[PDB]
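Coordinates from target-v6.cif are shown below (mmCIF, C-alpha atoms and all ligand atoms).
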```
data_work
#
loop_
_atom_site.label_atom_id
_atom_site.label_comp_id
_atom_site.auth_asym_id
_atom_site.auth_seq_id
_atom_site.Cartn_x
_atom_site.Cartn_y
_atom_site.Cartn_z
CA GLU A 1 -47.48 0.52 70.49
CA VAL A 2 -47.79 -3.36 70.68
CA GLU A 3 -50.46 -5.51 72.41
CA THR A 4 -50.18 -9.29 72.77
CA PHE A 5 -53.24 -11.55 72.97
CA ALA A 6 -54.00 -15.19 73.51
CA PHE A 7 -55.71 -17.11 70.81
CA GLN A 8 -58.97 -18.71 71.81
CA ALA A 9 -58.11 -22.19 72.99
CA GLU A 10 -59.73 -23.93 70.07
CA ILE A 11 -57.82 -21.86 67.54
CA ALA A 12 -54.55 -22.29 69.51
CA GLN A 13 -55.21 -26.03 69.18
CA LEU A 14 -56.01 -25.95 65.49
CA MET A 15 -52.76 -24.09 65.09
CA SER A 16 -50.65 -26.78 66.90
CA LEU A 17 -52.43 -29.47 65.01
CA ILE A 18 -51.54 -27.73 61.73
CA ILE A 19 -47.96 -27.19 62.69
CA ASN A 20 -47.42 -30.67 64.22
CA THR A 21 -49.31 -33.02 61.87
CA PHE A 22 -47.33 -34.72 59.14
CA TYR A 23 -49.35 -33.69 56.12
CA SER A 24 -47.60 -33.43 52.81
CA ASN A 25 -50.28 -31.73 50.66
CA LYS A 26 -49.26 -28.30 52.00
CA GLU A 27 -49.97 -26.38 48.77
CA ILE A 28 -53.62 -25.92 49.66
CA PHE A 29 -52.61 -22.99 51.95
CA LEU A 30 -52.37 -20.78 48.85
CA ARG A 31 -55.81 -21.74 47.66
CA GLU A 32 -57.24 -20.81 51.07
CA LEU A 33 -55.59 -17.40 51.38
CA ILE A 34 -56.53 -16.63 47.74
CA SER A 35 -59.99 -17.67 48.69
CA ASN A 36 -60.05 -15.34 51.76
CA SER A 37 -58.81 -12.55 49.54
CA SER A 38 -61.56 -13.21 47.07
CA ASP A 39 -64.26 -13.06 49.78
CA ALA A 40 -62.84 -9.71 50.92
CA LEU A 41 -62.85 -8.36 47.43
CA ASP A 42 -66.47 -9.55 47.06
CA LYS A 43 -67.37 -7.68 50.19
CA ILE A 44 -65.91 -4.30 49.19
CA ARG A 45 -67.29 -4.71 45.69
CA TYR A 46 -70.75 -5.34 47.11
CA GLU A 47 -70.58 -2.46 49.60
CA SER A 48 -69.45 -0.14 46.90
CA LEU A 49 -72.67 -0.77 44.92
CA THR A 50 -74.56 1.24 47.51
CA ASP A 51 -71.77 3.53 48.62
CA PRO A 52 -69.27 4.29 45.90
CA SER A 53 -67.10 6.41 48.22
CA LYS A 54 -65.88 3.06 49.76
CA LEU A 55 -63.68 2.80 46.68
CA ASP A 56 -62.08 6.18 47.38
CA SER A 57 -59.27 4.18 49.03
CA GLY A 58 -58.64 2.38 45.67
CA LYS A 59 -60.74 1.22 42.75
CA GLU A 60 -58.69 -1.73 41.48
CA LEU A 61 -59.85 -5.05 42.90
CA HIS A 62 -57.02 -7.62 42.61
CA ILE A 63 -54.72 -10.24 44.24
CA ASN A 64 -50.90 -9.99 43.88
CA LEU A 65 -48.64 -12.86 44.78
CA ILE A 66 -45.10 -11.82 45.58
CA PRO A 67 -42.44 -14.42 46.29
CA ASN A 68 -39.17 -13.22 47.73
CA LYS A 69 -36.40 -15.70 47.82
CA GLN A 70 -33.87 -13.51 49.76
CA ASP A 71 -36.33 -12.95 52.66
CA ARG A 72 -37.82 -16.35 52.34
CA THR A 73 -41.31 -14.83 52.19
CA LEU A 74 -44.43 -15.14 50.09
CA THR A 75 -46.79 -12.21 50.24
CA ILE A 76 -50.41 -12.33 49.16
CA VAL A 77 -51.79 -8.76 48.71
CA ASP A 78 -55.48 -8.04 48.08
CA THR A 79 -57.38 -4.79 47.75
CA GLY A 80 -60.43 -6.24 49.52
CA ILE A 81 -62.31 -4.68 52.41
CA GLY A 82 -59.51 -5.19 54.88
CA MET A 83 -59.81 -5.73 58.63
CA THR A 84 -60.49 -3.44 61.52
CA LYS A 85 -58.89 -3.65 64.93
CA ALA A 86 -61.95 -5.38 66.32
CA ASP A 87 -61.76 -7.89 63.47
CA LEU A 88 -58.19 -8.77 64.22
CA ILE A 89 -58.45 -8.96 67.98
CA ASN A 90 -61.88 -10.35 68.47
CA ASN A 91 -64.56 -10.64 66.02
CA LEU A 92 -63.04 -12.96 63.51
CA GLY A 93 -61.66 -15.34 66.11
CA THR A 94 -65.10 -15.37 67.81
CA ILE A 95 -66.54 -16.39 64.44
CA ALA A 96 -63.74 -18.91 63.78
CA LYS A 97 -64.28 -20.61 67.18
CA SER A 98 -67.25 -22.70 66.02
CA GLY A 99 -65.81 -23.75 62.72
CA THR A 100 -62.45 -24.61 64.30
CA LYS A 101 -64.34 -26.77 66.75
CA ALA A 102 -66.20 -28.55 63.98
CA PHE A 103 -63.11 -28.90 61.94
CA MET A 104 -61.31 -30.67 64.79
CA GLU A 105 -64.29 -32.98 65.38
CA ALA A 106 -64.28 -33.63 61.63
CA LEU A 107 -60.54 -34.50 61.68
CA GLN A 108 -61.05 -36.86 64.63
CA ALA A 109 -63.85 -38.41 62.48
CA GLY A 110 -61.75 -39.06 59.33
CA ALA A 111 -61.77 -35.70 57.47
CA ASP A 112 -58.48 -34.34 56.16
CA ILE A 113 -56.72 -30.99 56.51
CA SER A 114 -57.62 -30.02 52.92
CA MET A 115 -61.26 -29.46 53.96
CA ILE A 116 -60.31 -26.62 56.30
CA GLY A 117 -61.84 -24.03 53.98
CA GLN A 118 -65.31 -25.58 54.26
CA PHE A 119 -65.16 -24.67 57.93
CA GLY A 120 -64.41 -20.95 57.28
CA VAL A 121 -60.92 -21.27 58.87
CA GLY A 122 -58.61 -21.70 55.98
CA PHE A 123 -56.41 -18.82 56.96
CA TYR A 124 -54.67 -20.92 59.66
CA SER A 125 -53.50 -23.32 56.89
CA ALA A 126 -50.79 -20.68 56.37
CA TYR A 127 -49.05 -22.41 59.28
CA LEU A 128 -48.52 -25.54 57.14
CA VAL A 129 -45.77 -23.57 55.43
CA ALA A 130 -45.04 -20.41 57.49
CA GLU A 131 -43.18 -20.32 60.78
CA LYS A 132 -44.50 -16.72 61.13
CA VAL A 133 -47.35 -14.84 59.52
CA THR A 134 -47.62 -11.03 59.43
CA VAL A 135 -50.89 -9.48 58.26
CA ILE A 136 -50.90 -5.78 57.32
CA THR A 137 -54.41 -4.63 56.70
CA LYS A 138 -56.41 -1.41 56.24
CA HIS A 139 -60.19 -1.10 56.35
CA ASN A 140 -61.88 2.14 55.30
CA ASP A 141 -63.26 2.57 58.77
CA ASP A 142 -59.92 2.34 60.61
CA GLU A 143 -56.22 2.68 60.83
CA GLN A 144 -53.65 0.38 59.36
CA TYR A 145 -52.68 -2.50 61.71
CA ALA A 146 -50.14 -5.20 61.76
CA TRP A 147 -51.14 -8.57 63.21
CA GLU A 148 -48.49 -11.18 63.66
CA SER A 149 -48.14 -14.67 65.02
CA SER A 150 -45.62 -17.44 65.20
CA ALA A 151 -48.35 -19.57 66.83
CA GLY A 152 -47.58 -20.93 70.24
CA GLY A 153 -50.81 -19.52 71.55
CA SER A 154 -50.50 -15.78 71.01
CA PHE A 155 -50.50 -12.97 68.45
CA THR A 156 -49.81 -9.32 68.57
CA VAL A 157 -51.61 -6.41 67.12
CA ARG A 158 -50.09 -3.01 66.62
CA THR A 159 -50.91 0.02 64.52
CA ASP A 160 -48.64 -0.02 61.47
CA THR A 161 -45.96 2.54 61.03
CA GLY A 162 -44.80 1.59 57.44
CA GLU A 163 -46.08 2.41 53.95
CA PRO A 164 -49.76 3.22 53.71
CA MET A 165 -51.61 0.57 51.80
CA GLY A 166 -54.85 2.42 51.01
CA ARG A 167 -57.34 -0.38 51.59
CA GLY A 168 -56.73 -4.11 51.84
CA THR A 169 -54.77 -6.95 53.25
CA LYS A 170 -51.29 -8.14 52.89
CA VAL A 171 -50.39 -11.54 54.25
CA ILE A 172 -46.58 -12.03 54.57
CA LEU A 173 -45.74 -15.70 54.99
CA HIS A 174 -42.32 -16.25 56.59
CA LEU A 175 -41.69 -19.73 55.21
CA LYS A 176 -40.28 -22.71 56.99
CA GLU A 177 -36.76 -23.63 55.71
CA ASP A 178 -38.08 -26.78 54.00
CA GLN A 179 -41.00 -24.98 52.34
CA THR A 180 -39.17 -22.76 49.85
CA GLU A 181 -40.69 -24.48 46.88
CA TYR A 182 -43.59 -22.09 47.31
CA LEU A 183 -41.26 -19.28 46.22
CA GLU A 184 -40.81 -20.85 42.74
CA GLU A 185 -42.61 -19.21 39.89
CA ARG A 186 -43.58 -22.50 38.33
CA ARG A 187 -44.85 -24.03 41.53
CA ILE A 188 -47.02 -21.04 42.36
CA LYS A 189 -48.51 -21.02 38.88
CA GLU A 190 -49.19 -24.67 39.11
CA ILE A 191 -50.97 -24.18 42.41
CA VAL A 192 -53.07 -21.30 41.21
CA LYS A 193 -54.11 -23.04 38.06
CA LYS A 194 -54.97 -26.19 39.89
CA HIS A 195 -56.78 -24.66 42.77
CA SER A 196 -57.72 -21.07 42.10
CA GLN A 197 -58.62 -20.85 38.46
CA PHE A 198 -62.25 -19.73 39.04
CA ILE A 199 -61.56 -16.77 41.18
CA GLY A 200 -63.24 -13.72 39.72
CA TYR A 201 -60.42 -11.31 40.32
CA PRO A 202 -57.08 -10.90 38.59
CA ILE A 203 -54.33 -12.79 40.33
CA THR A 204 -50.89 -11.57 39.25
CA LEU A 205 -47.72 -13.39 40.04
CA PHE A 206 -44.84 -11.01 40.64
CA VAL A 207 -41.68 -12.58 39.16
CA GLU A 208 -38.38 -11.74 40.91
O1 LIG B 301 -61.21 -8.67 55.03
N1 LIG B 301 -59.99 -9.21 54.71
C1 LIG B 301 -59.95 -10.50 54.95
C2 LIG B 301 -61.13 -11.23 55.34
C3 LIG B 301 -61.86 -10.98 56.54
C4 LIG B 301 -63.01 -11.69 56.93
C5 LIG B 301 -63.50 -12.75 56.16
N2 LIG B 301 -62.77 -13.03 54.93
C6 LIG B 301 -61.61 -12.30 54.56
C7 LIG B 301 -58.81 -11.27 54.68
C8 LIG B 301 -58.52 -12.24 55.64
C9 LIG B 301 -57.47 -13.13 55.42
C10 LIG B 301 -56.73 -13.07 54.26
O2 LIG B 301 -55.73 -13.93 54.03
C11 LIG B 301 -56.98 -12.09 53.31
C12 LIG B 301 -58.01 -11.21 53.51
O3 LIG B 301 -58.18 -10.23 52.61
#
```
Translate the structure described by the file into structure tokens.
Amino acid sequence: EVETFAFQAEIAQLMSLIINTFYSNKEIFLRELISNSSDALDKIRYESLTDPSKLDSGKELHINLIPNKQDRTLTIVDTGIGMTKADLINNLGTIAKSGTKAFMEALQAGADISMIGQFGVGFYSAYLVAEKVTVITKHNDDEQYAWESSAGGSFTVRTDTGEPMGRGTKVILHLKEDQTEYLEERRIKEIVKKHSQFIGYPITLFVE
């Protein structure tokens, strides 16, 4: 049911660096995940122009943010193109290798963590706040999968037994104890306004 994999070394290093660097401007993680969601929504929207049956797994194109204080989780849901098994195990990490490498050179040369997105690797900024990240994702061409990592050099992928999601990606951030401010309605709004106000899809905050 469950396979465990090692991160590429460079990504495993970016991850320790993100978990072990004192860096207080942690809010930018939301911006980056909303930005990944937006690119995924662009992609399915574009593909649907030539093949409208790609939207048979769901027409609405949106981002839901879903704080949950009792679980200490923040879930970002998009109805973008989703990820295949190859994407999760291989292809995205292969792509992220070069940008991770540049990003770390850039940090050594004075850049700061907030520029992570310009290297295509903003996803791993989740680890500024999350001790564990679960990604549930469904691409039209594939089954539903659950990726998960608490960093420390590995991640698992398994096919996902739970509720079907149709098409898309759900990123479930298990927050560090000291990061629970990112579960507050006001704080999330503030972040979204400040950082994500030009995203061309509806972002809905789910209030508890
Ligand atoms: O396809 N779904 C993706 C994705 C995959 C490849 C490039 N950009 C976004 C995705 C990845 C991370 C994330 O937080 C949300 C997403 O929808």
Determine, using all atoms listed in the file, which residues of chain A have any atom at most 9 Å from an atom of ligand LIG 301 (chain B), and tabulate each with its shortest atom pair and distance in Å to one decimal place, rows ordered by chain and then rising number, as CSV.
```
residue,atom,partner,partner_atom,distance
A:32,CA,B:LIG301,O2,7.6
A:33,CA,B:LIG301,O2,4.4
A:34,CA,B:LIG301,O2,6.9
A:35,CA,B:LIG301,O2,7.8
A:36,CA,B:LIG301,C6,4.4
A:37,CA,B:LIG301,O3,3.9
A:38,CA,B:LIG301,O3,7.1
A:39,CA,B:LIG301,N2,5.4
A:40,CA,B:LIG301,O1,4.5
A:41,CA,B:LIG301,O3,7.2
A:43,CA,B:LIG301,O1,7.9
A:44,CA,B:LIG301,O1,8.7
A:76,CA,B:LIG301,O2,7.4
A:77,CA,B:LIG301,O3,7.6
A:78,CA,B:LIG301,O3,5.7
A:79,CA,B:LIG301,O3,7.3
A:80,CA,B:LIG301,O3,5.5
A:81,CA,B:LIG301,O1,4.9
A:82,CA,B:LIG301,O1,3.9
A:83,CA,B:LIG301,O1,4.9
A:84,CA,B:LIG301,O1,8.4
A:87,CA,B:LIG301,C3,7.6
A:88,CA,B:LIG301,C3,8.8
A:92,CA,B:LIG301,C4,6.7
A:120,CA,B:LIG301,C5,8.3
A:122,CA,B:LIG301,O2,8.5
A:123,CA,B:LIG301,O2,5.7
A:126,CA,B:LIG301,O2,8.7
A:135,CA,B:LIG301,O2,7.8
A:137,CA,B:LIG301,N1,7.5
A:138,CA,B:LIG301,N1,8.7
A:139,CA,B:LIG301,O1,7.8
A:168,CA,B:LIG301,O3,6.3
A:169,CA,B:LIG301,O3,4.8
A:170,CA,B:LIG301,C11,6.9
A:171,CA,B:LIG301,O2,5.9
```
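Ranking A:112, A:148, A:190, A:160 by their shortest atom-to-atom distance to residue A:18, with only C-alpha atoms included, puts A:112 first.
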Q. Using only C-alpha atoms, can you list as JSON, numbers by chain the residues within 12 Å of (-47.9, -19.9, 62.2)?
A. {"A": [7, 11, 12, 13, 14, 15, 16, 17, 18, 19, 20, 29, 123, 124, 125, 126, 127, 128, 129, 130, 131, 132, 133, 134, 135, 147, 148, 149, 150, 151, 152, 153, 154, 155, 171, 172, 173, 174, 175, 176]}
For atom CA of residue A:157 and atom CA of residue A:4, quote the distance in Å rounded to one decimal.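 Calculated distance between atom CA of residue A:157 and atom CA of residue A:4 is 6.5 Å.
Nearest-residue note for residue A:117: choosing from A:202, A:93, A:99, A:162, the minimum distance belongs to A:99, counting all atoms listed in the file.
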Handout entry: Selected residue, from A:207, A:136, A:6, A:95, that lies nearest to residue A:156 when counting all atoms listed in the file
Key =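 Among A:207, A:136, A:6, A:95, it is A:6 that comes nearest to residue A:156.
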Can you tell me, as JSON, the centre and edge lengths (Å, one decimal) of the axis-aligned box enclosing all of stretch 177-181 of chain A's listed atoms after padding each side by 5 Å?
```
{"center_x": -38.9, "center_y": -24.8, "center_z": 51.3, "size_x": 14.2, "size_y": 14.0, "size_z": 18.8}
```
Self-check item: Close residues, residue A:69 itself excluded, 12 Å, only C-alpha atoms, min 5 positions apart in chain, as a PyMOL selection string
Solution: chain A and resi 74-75+173-175+177+179-185+207-208
As a check of understanding: the span from atom CA of residue A:188 to atom CA of residue A:116 is 20.1 Å
Counting all atoms listed in the file, I want the residues whose atoms come within 6 Å of (-62.9, -5.9, 44.0) in the file frame, returned as a list in words. residues 41, 42, 45 and 61 of chain A
Note to self: Let me make sure I understand: among A:71, A:100, A:89, A:114, which one has the smallest atom-to-atom distance to residue A:145 if we use all atoms listed in the file?
What the structure shows: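 So, comparing all the options, the nearest one is A:89.
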Between atom CA of residue A:10 and atom CA of residue A:94 lies a distance of 10.4 Å
Of the candidates A:90, A:196, A:140, A:204, which shows the shortest atom-to-atom distance to residue A:65, using all atoms listed in the file?
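Closest to residue A:65 of all the choices is A:204.
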Using only C-alpha atoms, the best pick from A:63, A:141, A:96, A:102 as closest to residue A:199 would be A:63
Where atoms are absent from stretch 88-112 of chain A, fill them in so it carries N, CA and C atoms, then output it as a PDB file, in the frame of the given file.
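Listing of selection.pdb after writing:
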```pdb
ATOM      1  N   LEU A  88     -59.411  -8.093  63.926  1.00  0.00           N
ATOM      2  CA  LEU A  88     -58.190  -8.770  64.220  1.00  0.00           C
ATOM      3  C   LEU A  88     -58.121  -9.296  65.656  1.00  0.00           C
ATOM      4  N   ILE A  89     -58.617  -8.550  66.603  1.00  0.00           N
ATOM      5  CA  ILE A  89     -58.450  -8.960  67.980  1.00  0.00           C
ATOM      6  C   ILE A  89     -59.562  -9.895  68.474  1.00  0.00           C
ATOM      7  N   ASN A  90     -60.713  -9.826  67.863  1.00  0.00           N
ATOM      8  CA  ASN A  90     -61.880 -10.350  68.470  1.00  0.00           C
ATOM      9  C   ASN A  90     -62.814 -11.009  67.538  1.00  0.00           C
ATOM     10  N   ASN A  91     -63.322 -10.231  66.603  1.00  0.00           N
ATOM     11  CA  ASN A  91     -64.560 -10.640  66.020  1.00  0.00           C
ATOM     12  C   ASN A  91     -64.365 -11.795  65.098  1.00  0.00           C
ATOM     13  N   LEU A  92     -63.186 -11.927  64.507  1.00  0.00           N
ATOM     14  CA  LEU A  92     -63.040 -12.960  63.510  1.00  0.00           C
ATOM     15  C   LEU A  92     -62.772 -14.283  64.181  1.00  0.00           C
ATOM     16  N   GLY A  93     -61.950 -14.234  65.226  1.00  0.00           N
ATOM     17  CA  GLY A  93     -61.660 -15.340  66.110  1.00  0.00           C
ATOM     18  C   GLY A  93     -62.929 -15.866  66.783  1.00  0.00           C
ATOM     19  N   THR A  94     -63.738 -14.973  67.377  1.00  0.00           N
ATOM     20  CA  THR A  94     -65.100 -15.370  67.810  1.00  0.00           C
ATOM     21  C   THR A  94     -65.893 -16.138  66.764  1.00  0.00           C
ATOM     22  N   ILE A  95     -65.902 -15.644  65.528  1.00  0.00           N
ATOM     23  CA  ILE A  95     -66.540 -16.390  64.440  1.00  0.00           C
ATOM     24  C   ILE A  95     -65.835 -17.707  64.162  1.00  0.00           C
ATOM     25  N   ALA A  96     -64.496 -17.720  64.196  1.00  0.00           N
ATOM     26  CA  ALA A  96     -63.740 -18.910  63.780  1.00  0.00           C
ATOM     27  C   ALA A  96     -63.774 -20.027  64.847  1.00  0.00           C
ATOM     28  N   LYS A  97     -64.126 -19.654  66.081  1.00  0.00           N
ATOM     29  CA  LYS A  97     -64.280 -20.610  67.180  1.00  0.00           C
ATOM     30  C   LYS A  97     -65.153 -21.820  66.803  1.00  0.00           C
ATOM     31  N   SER A  98     -66.351 -21.591  66.271  1.00  0.00           N
ATOM     32  CA  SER A  98     -67.250 -22.700  66.020  1.00  0.00           C
ATOM     33  C   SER A  98     -66.804 -23.590  64.908  1.00  0.00           C
ATOM     34  N   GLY A  99     -66.234 -22.974  63.884  1.00  0.00           N
ATOM     35  CA  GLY A  99     -65.810 -23.750  62.720  1.00  0.00           C
ATOM     36  C   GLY A  99     -64.550 -24.525  63.013  1.00  0.00           C
ATOM     37  N   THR A 100     -63.666 -23.937  63.813  1.00  0.00           N
ATOM     38  CA  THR A 100     -62.450 -24.610  64.300  1.00  0.00           C
ATOM     39  C   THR A 100     -62.818 -25.853  65.098  1.00  0.00           C
ATOM     40  N   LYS A 101     -63.864 -25.702  65.897  1.00  0.00           N
ATOM     41  CA  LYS A 101     -64.340 -26.770  66.750  1.00  0.00           C
ATOM     42  C   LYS A 101     -64.899 -27.907  65.911  1.00  0.00           C
ATOM     43  N   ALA A 102     -65.679 -27.565  64.908  1.00  0.00           N
ATOM     44  CA  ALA A 102     -66.200 -28.550  63.980  1.00  0.00           C
ATOM     45  C   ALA A 102     -65.115 -29.173  63.191  1.00  0.00           C
ATOM     46  N   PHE A 103     -64.169 -28.349  62.761  1.00  0.00           N
ATOM     47  CA  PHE A 103     -63.110 -28.900  61.940  1.00  0.00           C
ATOM     48  C   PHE A 103     -62.331 -29.966  62.704  1.00  0.00           C
ATOM     49  N   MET A 104     -62.056 -29.699  63.977  1.00  0.00           N
ATOM     50  CA  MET A 104     -61.310 -30.670  64.790  1.00  0.00           C
ATOM     51  C   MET A 104     -62.092 -31.921  65.085  1.00  0.00           C
ATOM     52  N   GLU A 105     -63.397 -31.788  65.314  1.00  0.00           N
ATOM     53  CA  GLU A 105     -64.290 -32.980  65.380  1.00  0.00           C
ATOM     54  C   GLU A 105     -64.214 -33.754  64.072  1.00  0.00           C
ATOM     55  N   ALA A 106     -64.344 -33.031  62.953  1.00  0.00           N
ATOM     56  CA  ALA A 106     -64.280 -33.630  61.630  1.00  0.00           C
ATOM     57  C   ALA A 106     -62.969 -34.379  61.404  1.00  0.00           C
ATOM     58  N   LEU A 107     -61.832 -33.808  61.802  1.00  0.00           N
ATOM     59  CA  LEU A 107     -60.540 -34.500  61.680  1.00  0.00           C
ATOM     60  C   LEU A 107     -60.505 -35.758  62.516  1.00  0.00           C
ATOM     61  N   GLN A 108     -60.933 -35.675  63.781  1.00  0.00           N
ATOM     62  CA  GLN A 108     -61.050 -36.860  64.630  1.00  0.00           C
ATOM     63  C   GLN A 108     -61.918 -37.879  63.887  1.00  0.00           C
ATOM     64  N   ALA A 109     -62.954 -37.446  63.166  1.00  0.00           N
ATOM     65  CA  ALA A 109     -63.850 -38.410  62.480  1.00  0.00           C
ATOM     66  C   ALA A 109     -63.486 -38.740  61.008  1.00  0.00           C
ATOM     67  N   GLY A 110     -62.209 -38.649  60.666  1.00  0.00           N
ATOM     68  CA  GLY A 110     -61.750 -39.060  59.330  1.00  0.00           C
ATOM     69  C   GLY A 110     -61.554 -38.001  58.248  1.00  0.00           C
ATOM     70  N   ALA A 111     -61.989 -36.763  58.466  1.00  0.00           N
ATOM     71  CA  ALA A 111     -61.770 -35.700  57.470  1.00  0.00           C
ATOM     72  C   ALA A 111     -60.273 -35.434  57.331  1.00  0.00           C
ATOM     73  N   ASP A 112     -59.852 -34.797  56.238  1.00  0.00           N
ATOM     74  CA  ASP A 112     -58.480 -34.340  56.160  1.00  0.00           C
ATOM     75  C   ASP A 112     -58.306 -32.791  56.045  1.00  0.00           C
TER      76      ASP A 112
END
```
